[PDB]
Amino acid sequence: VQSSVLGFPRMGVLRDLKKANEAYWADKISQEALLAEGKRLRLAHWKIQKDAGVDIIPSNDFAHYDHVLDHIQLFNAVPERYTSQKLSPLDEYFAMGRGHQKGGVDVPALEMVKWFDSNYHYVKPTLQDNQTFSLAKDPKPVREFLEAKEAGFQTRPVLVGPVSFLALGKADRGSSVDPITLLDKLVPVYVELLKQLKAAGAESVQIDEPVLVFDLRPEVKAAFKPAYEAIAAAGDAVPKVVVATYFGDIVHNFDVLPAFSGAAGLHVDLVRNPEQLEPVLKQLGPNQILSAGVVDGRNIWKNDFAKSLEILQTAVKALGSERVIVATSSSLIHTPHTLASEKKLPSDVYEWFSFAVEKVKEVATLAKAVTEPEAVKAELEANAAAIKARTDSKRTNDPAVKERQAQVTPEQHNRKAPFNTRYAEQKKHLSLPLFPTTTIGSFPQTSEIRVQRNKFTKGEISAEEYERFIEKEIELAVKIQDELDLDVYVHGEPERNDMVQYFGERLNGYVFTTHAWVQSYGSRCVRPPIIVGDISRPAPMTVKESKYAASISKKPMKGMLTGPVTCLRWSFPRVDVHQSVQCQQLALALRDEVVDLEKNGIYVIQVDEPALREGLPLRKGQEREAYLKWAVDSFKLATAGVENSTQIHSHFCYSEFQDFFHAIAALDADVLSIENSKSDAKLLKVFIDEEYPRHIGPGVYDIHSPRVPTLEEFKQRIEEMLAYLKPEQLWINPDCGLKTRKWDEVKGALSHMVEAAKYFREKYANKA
């Protein structure tokens, strides 16, 4: 039985790729130097995988920025605004990913969006009506396959397949083409590329068609047959093809699978959906190979070898060992490089973890164990003991948390009274005028704010000295808000650097790494907290600063929290219990924090869930409905403990809620803010159609621009919003937090903002 890795993280043991990319962008190293570092990393990572005993090692998984972006360049699908600058291929590549400035011109990046339900972002293929495709000179997959081959590594090239490539694409500005209709123009280029890989020596290729986990539009569904017929028709002139799927099951698309009858194999994610194994077995062709994705590509836990081998033996029993491959469930770009870089973790949790270097060893150990378990009996035993240690740990058996969860009731999820009743108490308490003004949360992060925070966390300044600095920062924020005449204040969060790490550090059940970085957005990486045990709140988390802020505030002061769904999803979650269990534990901890804020003079509490939509199961059905139920319930459980006169706010970082508005409405939030200023106001139609009864602040100010909008621009935006929303429900606020702006920009814009609000207060004043 062979082992397989679908992809390896690109950044390097010390984020070498980030350092080199950025040094190149800053003119500190040459193109040759940067490309040499890329080469050094590919070689090092191929070696890791070969040394671990992996049989099927991926190539073309490496990328300097994004692999979908690599495919855009590979098929010459680059828009004119990039090709006319006559840049080197590398600079052109980077131009599409992050932007460029040649000859005076200022070329923006292509749109980047999230890769399925992961925290990784890809660049969307952006296509013209008259789009055609051709293979780039020196095509990357061929180049890199030959590179590996020359260094002694036989590898399996990874391509994003033609259907997914178009399905994940969009029409460019000025065009209206539905990308999938370009299929016939694209497929011949894949066929040519595949012939070139075969000629270079590639015996097989992994072709990712991840959109198979979606509910497919009939046009996209219809595309697989001609695409994969063309590939099969090429016969021995192209490599054997393993079609790969991950992050969801594909059992709803068994009518699409006949398109792959001429393909050599199918990969499915048996970590996310182990139950799809046997139904999928029934759908395999007589000689097709099952690539069984049983080592988690999305989390950091040591594999349960015994559980994985039961899955594998089921497959081997049905197919024979020669038709089974042990594989990672997905690419490992979603995992950190290596556990070995971590030197400060609690000694008991090491034996529960596996990062990417450890996982590629796991698929090899499993593959050997399938047919020769005696050869690795010591490793199998050690693995079983580690899993048992995790099961029996104090961390995962907190009796108090268990008892608290057991006693949660449905009624505890609901506010004391509906909004019709509540809002009466709130308008008095808060003394809000028509068109109340507020901001979303963070205030400018200045050099001094970062420096001081760094000194404290590194222990250079005392707690007392830092606390006094934070007080003065809050006093400044309040003074400035006084001068602006805002109606609801924020403290500006000078003490916070990250909206999940800040809370993870103040909760039981979390551990933090120093080096476990994961690529997120180009060369921007994240270092997620890890949930290792039952979660509870040992002490007040945000009360100290909010309490101080309210003590000097002449206006209502916003409390500021991250919701339980986001604390969960932007961490590495546990895999030993269901995520709904973890989320409820977070919701109870946050319920206490909310009630604590209310007890300390805070009666406007903003609870933000930027990960709510991200976690949606990728296809409709009982699973998606299950998620929405506990995700919504968790938010409600966290926020329902307040008095009627207390307002619950929530900020949403997107302007559209397709197939999602019902969940938003179910939150029962008193006030919603949404990112909207750059969107057509007509998108506010959803509030009319859904007859949304509570209050709404669509952003009026694009905070991602340093430009100060004029008073007239603010008034015009407000007028446009009032075409869709009732006056009494409209809040006036920016699109987003103000951390990335500078105070002169902020004072100017917020001044115009408040003046515009005051104008409409006059305009909507009662007549004589």
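So that there is no doubt, residue numbering starts at 1 and follows the sequence shown.
- Averaged over their C-alpha atoms, the temperature factors of 487 to 495 and 84 to 92 are higher for 84 to 92.
- Taking the PDB entry as given, 96 to 104 carries the higher mean Cα B factor of the two stretches 649 to 657 and 96 to 104.
- As recorded in the entry, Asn119 carries the highest CA temperature factor of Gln481, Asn253, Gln582, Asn119.
- Among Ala234, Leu212, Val280, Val500, the highest C-alpha B-factor recorded in the PDB entry belongs to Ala234.
- Annotation for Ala52: C-alpha temperature factor in the middle third relative to the rest of the modelled chain, per the entry.
- Sort the chain's modelled residues by C-alpha temperature factor and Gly559 lands in the lowest third, per the entry.
- Ranked by C-alpha B-factor against the other modelled residues of its chain, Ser553 falls in the middle third.
- The entry lists a Cα temperature factor for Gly641 that places it in the highest third of the chain's modelled residues.
- For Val511, the recorded CA temperature factor ranks within the middle third of the chain's modelled residues.
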